[PDB]
Structure formats: structure tokens, C-alpha cells
Amino acid sequence: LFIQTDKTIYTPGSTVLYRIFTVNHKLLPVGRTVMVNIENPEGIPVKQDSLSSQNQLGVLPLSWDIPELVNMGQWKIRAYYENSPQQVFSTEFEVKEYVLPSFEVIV
Amino acid sequence: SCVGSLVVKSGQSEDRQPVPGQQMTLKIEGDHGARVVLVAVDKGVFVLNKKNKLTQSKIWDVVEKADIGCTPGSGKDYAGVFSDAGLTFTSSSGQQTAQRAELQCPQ
Amino acid sequence: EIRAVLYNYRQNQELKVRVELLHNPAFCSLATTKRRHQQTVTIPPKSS
Amino acid sequence: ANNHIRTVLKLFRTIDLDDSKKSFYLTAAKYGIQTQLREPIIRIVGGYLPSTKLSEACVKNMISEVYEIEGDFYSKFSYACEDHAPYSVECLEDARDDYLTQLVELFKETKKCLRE
Amino acid sequence: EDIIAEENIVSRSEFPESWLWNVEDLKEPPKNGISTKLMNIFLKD
């Protein structure tokens, strides 16, 4: 499972849109049910959901609206197949207070 | 490099630089029957946090680290060579490789 | 016959050229030391 | 090259979309028309030597066309998007793409009248 | 004078951090096994 999130930093009160590719060991689309849960840095899962990749070509677009009163830091998204819950795939997105910088600095 | 071939470029050859509110044409060169998923993201967010980005190198690294082999070639003897490759070879006479009972390769 | 070809490569600016053939004692043409030969032309943009 | 500019500005000031419609729709429609028909033709018209004459006939044709274009966009935004809730912001987002597409097609067609 | 009136100027309003969340299929006929799709996007503000 290859989690893809559109951005890499979200302000509170903003919507996160992410995708969950589902591929088998040859890197081909496969139809299997997934489990995804979004856990704040205290490791306490917040949203639990179940999907199926059948008739979807192995691309599952999803969403979540970050609650207004949340804790900053590295949030995590954990996804795993239903059959083998021992293997967990993850991707971290950061919730922070920010306004977009106007320029890039390279050292 | 990936099994297929995907690339994105601009329909307008050179022209002048775009303008906020001006349309643009994207040309996508992918294999027939494929389904592409698009996301357009500002560069300020990558200025703030450039971690957890998706790229082909990461996918190939993840696929490679989940191999069955253990050493890039040769071994103590035939049983060692086959086990290092990640196979089993059993004959009616009796020449068979050593048993494996651990998922992760030793050290 | 001699042709003067005027180019204009402004993207969207129409131009107002004033060409002129200075007098030469060798050749013979309408130009003279007393009277000058001027065409005041108009060049549409990106046009010859 | 400024008298023509003031003329075409006088034409686009006579446009009128009624107030009774929702505010964000008004801003969307006016921003589309301003960025697709007021910047490019102002750029084109700014490059005429003053002796050149405009042709307000196709400019008023422009305005009649943009009235019907806006009317169709509103009809598609309020009635057609039955796939979503009526008067929804994302319904406006869905219809705005083809609104601006039709509008750029109109501008491309009418670029051949600014000269007499 | 040679100034745009205040009411005529309309402000840029959409400043999305990331837009174009679209999924598309390549159903066009293939040439050299490499299909080509032209799609139209109106740039954000």
C-alpha cells in the first residue's frame, strides 16, 4: 500500500485528501479490502474506515476534515490489508500553524 | 525506471509565461488503458516541509527491501547458493537445501 | 528596383516608421539635395 | 492608443449582472469575464496608433454574447448540476471550467473585429 | 484620468494550497504503444 497525500503540511480546520494505492507483489492492481486509521501523535486512532478496491483499479480516494481543536505534531496514517494485519504501511503528515513563505532558501 | 512510461508536459510549445486566470493544456503520454491521478501543489508547502514525498525511487526501494535473497551471489555450496538466492531444491535422491524458519534474513 | 523591407517584432504594438532614401551623387532617383524622399508607413505588429 | 482604451472600458462598464443573484457567483462571473475579455483586448487595443479606428459593433456583439454566456452558466449552476446539491459552491466550481472555456472561445472568435 | 475605476477591479480570491484532485483514464487510440491525452486546466489565482 502506497499512501499518497496531496500536501505535506495542513493547518487545523483544513481538509486532508489522500489516496491508498493497492498493488500485489508484481506491482499490479488487485481488489482487496483495506483498513485505514488516522492517529494523532499520542497514537490514539481517530477515524476508522474500511474500503474495497474491487472495480476501482486499485486507487481509493478518501478525505478527512481535521478537527479545529487538535494537537500539533507529526500525525500518522496507518493502512493494512484485512487478511494480514501484521504488515502496516504508514505515511506522516504534519499539522502546524503556518502561512506560505514567499521564497525558498537553499544552503 | 518504471515498467511503463508516464510523462507530463505542456501543450503550448513555448509562448510566454502563464498568467493567473489563463488556461493551459497538459499533455499526458501514458500507456493505453492506464488511469492517471493528478495533483497540483504549490511550492511553498515544499519549502516548509519536503519530507514524505512520493517518487519512483521510494517504490523501488520498498520493493527491493522485501526480497527473499540474502547475498549478491555464491555461497558455501549448492544448498547455500540456493538458500541465498531464495529458493528450495529437493531431489528424490536426497540433495535438499537447509530449512528456513525465519522471515527476516540473519544480520 | 530596390526593396526596403521593414520588420516590426513588438507583440502588440503598431508602429509608425518614416523611411527615407538619402541622396547619392552616383545613382539617380527621386532624392535630391533640395527635396527628400519620405514614405511614412504603418507596420502592424509582428508583420513585415 | 488611449482613446480606444477608454472607449472599450466604457463598453465593459455598461455590462450588468443583476444583484439578486448570490455574491460568490457574481464575483466568479465578473472575475472570469475580466480576466478573459478585459485584459487581452485591453492589451490588443493599447497597441493601435491613434489614427486607427475601432469597431464598437463587434464590441456590442461581445456584450450580447457574454450576457447569454452568463445566463447559461447560471442555469447550469442552479438547475443542471443535479449530481450535487443545488446552489452548492462545488457546483459553481464544476460549472466554472466550461464557463471560462466558452468565454475564451468567444474572445478568440471576436479578436478579428477590433480593426475596421 | 487614465485609471481603472475601483468597482471595475475584481480581486483574486481562490488561493488553494493544492488543487487539481482529478483522476482520468487514457481511452484514446494508441500510437507506438504510447497514448496522448490533451486536457484543459484553468490556472488558479
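In the block above lies the structure referred to throughout.
Remarks on the pairing of strand β5 (residues 45–52) of chain A
Strand residues, when the strand is regular, have side chains that alternate between the two faces of the sheet.
Residues and elements named next belong to chain A.
Thinking step 1. As judged from the seven bridges shared by strand β4 (residues 33–39) and β5, these two strands associate in the antiparallel manner. Across the sheet, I38 pairs through a bridge with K47, a residue of β5.
Thinking step 2. Between β4 and β5, which pair antiparallel and follow one another directly, the connecting turn spans five residues, one of which, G43, has a positive phi of 65°.

What about the packing of helix α2 (residues 23–45) of chain D against helix α3 (residues 56–80) of chain D?
All names here are of chain D.
Thinking step 1. One can describe the packing of α2 onto α3 by two numbers: an axis separation of 12 Å at closest approach and a directional angle of 145°. The element α2 and its partner α3 pack so that their crossing is right-handed. In contact with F24, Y25, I33, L37 and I41 of α2, α3 contributes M62, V66, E70, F73, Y74 and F77.
Thinking step 2. When its residues are assigned to classes, the contact of α2 with α3 shows 10 nonpolar, no polar and one charged.

Quick notes on a negative patch on the surface
Residues and elements named next belong to chain D.
Thinking step 1. Taken together, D83, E90, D94 and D97 make up a surface patch of like negative charges.
Thinking step 2. Its place among the elements puts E90 in helix α4 (residues 89–110).
Thinking step 3. Using a relative accessible area of 33% as the deciding quantity, one classes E90 as partly exposed.

A look at the interface of chain A and chain B
Thinking step 1. Taken residue by residue, the interface counts 21 residues in chain A and 20 residues in chain B.
Thinking step 2. Summing both partners gives a buried area of about 1,800 Å² for chain A against chain B, and 70% of it is carried by carbon and sulfur.
Thinking step 3. Linking chain A with chain B are one salt bridge, by the criterion used here.
Thinking step 4. One salt bridge connects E104 of chain A with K43 of chain B, and the closest N-O pair in it is separated by 3.9 Å.
Thinking step 5. Linking chain A to chain B there are two residue pairs in polar contact.
Thinking step 6. Listing elements by their share of the side of chain A that touches chain B, those giving two or more residues are β1 (2–5), β3 (15–21) and β8 (89–95) of chain A.
Thinking step 7. In terms of residue count, β8 of chain A provides more of the side of chain A that touches chain B than any other element does, three residues in total.
Thinking step 8. The class makeup of the residues in the side of chain A that touches chain B is 11 nonpolar, four polar and six charged.

Rules and cut-offs
Residues numbered from 1 in each chain as written, not as in the entry; some residues may be left out. Chains lettered and ligands numbered in written order. Part of a larger assembly, values for the part shown. Heavy atoms only, no water. Residues with missing side-chain atoms left out of burial classes, pairs and counts. Pairing = 2+ DSSP bridges. Helix = DSSP H or I, 4+ residues; strand = E, 2+ residues; numbered from the N terminus. Axes fitted to C-alpha atoms, helices over the stretch in contact; angles between N-to-C directions. Left-handed = near helix turned anticlockwise from the far one by under 90°. Contact = heavy atoms within 4.5 Å. Nonpolar A, V, L, I, M, F, W, Y, C, P; charged D, E, K, R; others polar. Patch = residues over 30% accessible without salt bridge, like charges linked within 9 Å, V, L, I, M, F, W, Y side chains within 5 Å. Areas by Shrake-Rupley, 256 points an atom, 1.4 Å probe, with all protein chains shown as cover. Salt bridge = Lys/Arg side-chain N within 4 Å of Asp/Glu carboxyl O. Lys, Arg positive; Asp, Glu negative; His and termini not counted. Charge placed at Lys NZ, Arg CZ, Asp CG, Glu CD. Buried < 20%, exposed > 50% of the residue type's maximum accessible area, 1.4 Å probe, protein only. Buried area = accessible area lost by both parts, 1.4 Å probe. Polar contact = N/O pair within 3.5 Å; in protein donor to acceptor, adjacent residues only side chain to side chain.

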